[PDB]
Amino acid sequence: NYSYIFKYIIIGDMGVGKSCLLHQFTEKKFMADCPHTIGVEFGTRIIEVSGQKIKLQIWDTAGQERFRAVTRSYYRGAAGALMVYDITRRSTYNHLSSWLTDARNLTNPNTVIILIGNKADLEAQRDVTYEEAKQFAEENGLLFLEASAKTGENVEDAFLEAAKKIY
């Protein structure tokens, strides 16, 4: 049961963990025994926000908004956007202005955007600081969390904090 529907997109460079973040949230598990599959594209989950029951739809959109009319309008009705980079890979951080442009250009003026730095579990291999990403987020009025799709650290919060701001 639910009283509202929130559409989410999840975007960012290939291999940053978009499919894993979506899977960890909807199914509460990290695979590790299934490296041979493509990686989950879509999912849903009912959450409780501010005393309300809300259904979240989540789409690893993969740039299909340029080709598919239905993907085009889902994008235009997006309530939230997770913009994801890989903390161990600076190039994924460097492409954020491009992803932010797409996001804003192709959604609607209400769309709430959250920045996620994924793979926080790989501490020894950190390539991007918390501090620089926090300043990018603050400049652009985004929410910001460092998270780990593998361990589940801050993954629930990622989706829930966005939803509470959507009100």
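Heads up: residue numbers just count along the shown sequence, starting at 1.
**Q** Can you tell me which stretch has the higher mean Cα B-factor, 15 to 23 or 155 to 163?
**A** It is 155 to 163.
**Q** Given the B-factors recorded for C-alpha atoms, which segment has the greater mean, 30 to 38 or 130 to 138?
**A** It is 30 to 38.
**Q** For the C-alpha B-factor as written in the entry, point me to the maximum among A120, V49, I114, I58.
**A** Among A120, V49, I114, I58, the PDB entry lists the largest C-alpha B-factor for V49.
**Q** Lowest, middle or highest third of the chain for the C-alpha temperature factor of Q64?
**A** Highest third - that is where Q64 ends up once the chain's C-alpha B-factors are sorted.
**Q** Would the CA B-factor of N110 place it in the lowest, middle or highest third of its chain?
**A** Within its chain, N110 is a middle-third residue by C-alpha B-factor, going by the deposited values.
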